[PDB]
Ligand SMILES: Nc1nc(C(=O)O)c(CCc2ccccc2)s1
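A single chain, nothing else alongside it, follows as C-alpha cells in the form deposited without this ligand.
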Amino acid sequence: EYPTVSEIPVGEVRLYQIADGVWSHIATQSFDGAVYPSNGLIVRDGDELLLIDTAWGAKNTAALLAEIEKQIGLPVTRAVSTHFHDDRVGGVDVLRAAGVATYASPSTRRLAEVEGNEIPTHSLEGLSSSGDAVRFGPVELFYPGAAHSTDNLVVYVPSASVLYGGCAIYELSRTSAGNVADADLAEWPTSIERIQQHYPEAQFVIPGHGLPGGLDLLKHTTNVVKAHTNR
C-alpha cells in the first residue's frame, strides 16, 4: 500500500495515512536522470495541520498543499524543515505565500542562507545541543547530533508512536550512502544511537526517502554509514 516512484508522476504528491491524525506526504524529483521519492509528515494539531518538510521544490509543494486541501481539508498553519537542503526547504516560499508560518532551527536557517536556499521565517529555540528535545504542537522535535547534516532534526508523534527520521535515516532498500557532502560520518552512528535511546517505543519509522519500517531502519543506517566510512 505505500506508494513508490512508479506510482507518482513527477509534480504529483501522494498522502499516506500512517495512524490517526498522522500522514506522510510523498513526492518525486529527477536527479542525474534517476527519479527519487521523498517523504515528509503531516500531523493533525486540533483543527489545523502541522507540516514537516516541503515536498522538494516549489511546484511539488504547491501540489502538496492542493492535495492536503483535496484529501484532508484542514488548514496547514505551520511547517518545520528538518534540515537546510532543497528536499526540506525547497518550497518554503510557496508555503509562506500561502500563509503558512515556516520554522527551522537557527542552525538550519543559517546553513540554508549560506547555500542560497529558501529560508524559513521562524527560529526554533532549544535544539542547539545533541540530545535536546522540544515540544512543538502535537510533535516532539529532537536534535540527535550531526548525521546526514550538522543540523538535522527528527520528529516524533507521541500519540501515534511515529518517528520521522528524515534524511538521517535510510530505508532498508538503500545499501550505499546517499548524499554525504554535508554529513558528519564520524558522528552519525552516535547520533542514531541517541534516537534509539530517546524513542525506543517507536512503532513506525519514516525515512527521508522511501519505505517506512520500524526501528530496524536505525541500525540499518548505521551499518551503511559505517561501511561507507571504511570505504
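Only residues modelled in both forms are compared. Start at 1 with the first residue shown and count on from there. By rigid core we mean the largest C-alpha set that fits within 1.5 Å across both forms.
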With reference to the PDB entry, specify whether the mean Cα temperature factor is higher for 144 to 152 or for 95 to 103.
-> 95 to 103
Looking at the deposited entry, does 68 to 76 or 82 to 90 carry the larger mean Cα B-factor?
-> 68 to 76
Just grab whichever of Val35, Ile26, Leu163, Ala168 has the top CA B-factor as deposited.
-> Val35
Check where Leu218 lands among this chain's C-alpha B-factors and tell me if it's the lowest, middle or highest third.
-> lowest
Sorting the chain's CA B-factors, does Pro158 end up in the lowest, middle or highest third?
-> highest
Would you mind ranking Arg194 by its C-alpha B-factor against the rest of the chain and naming the third, lowest, middle or highest?
-> lowest
Assert third(CA B-factor, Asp182) within chain per record equals middle
By the record's CA B-factor, is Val225 among the lowest, middle or highest third of residues in the chain?
-> lowest
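We do not show the form deposited with this ligand bound, though everything after this point is about it.
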Say this ligand is put on the shown chain the way it sits in the deposited bound form, by superposing the C-alphas near its site; is the site then open or blocked (3+ ligand atoms within 2.4 Å of backbone or C-beta)?
-> open
Looking at this ligand in the deposited bound form, is some heavy atom of each of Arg109, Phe142 and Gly165 within 4.5 Å of it?
-> no
Picking from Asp45, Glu171, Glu187, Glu67, the single residue whose non-hydrogen atoms come within 4.5 angstroms of this ligand in the deposited bound form is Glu171
Examine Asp87 and determine whether its closest non-hydrogen atom to this ligand in the deposited bound form is within 4.5 angstroms.
-> yes
In the deposited bound form, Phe204 touching this ligand (heavy atom, 4.5 Å) | no
At the 4.5 Å heavy atom threshold, is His209 in contact with this ligand in the deposited bound form?
-> yes
is_contact(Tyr199, this ligand) in the deposited bound form, heavy atom dist at most 4.5 Å | no
Looking in the deposited bound form, the residues of 29 to 48 with a heavy atom no more than 4.5 Å from this ligand, listed in order, are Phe31, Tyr36, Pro37
Using the rigid core for the fit, write out the stretches of 3 or more consecutive residues with CA shifts of 2 Å or more between the shown form and the other one, ordered by sequence.
-> 31 to 33
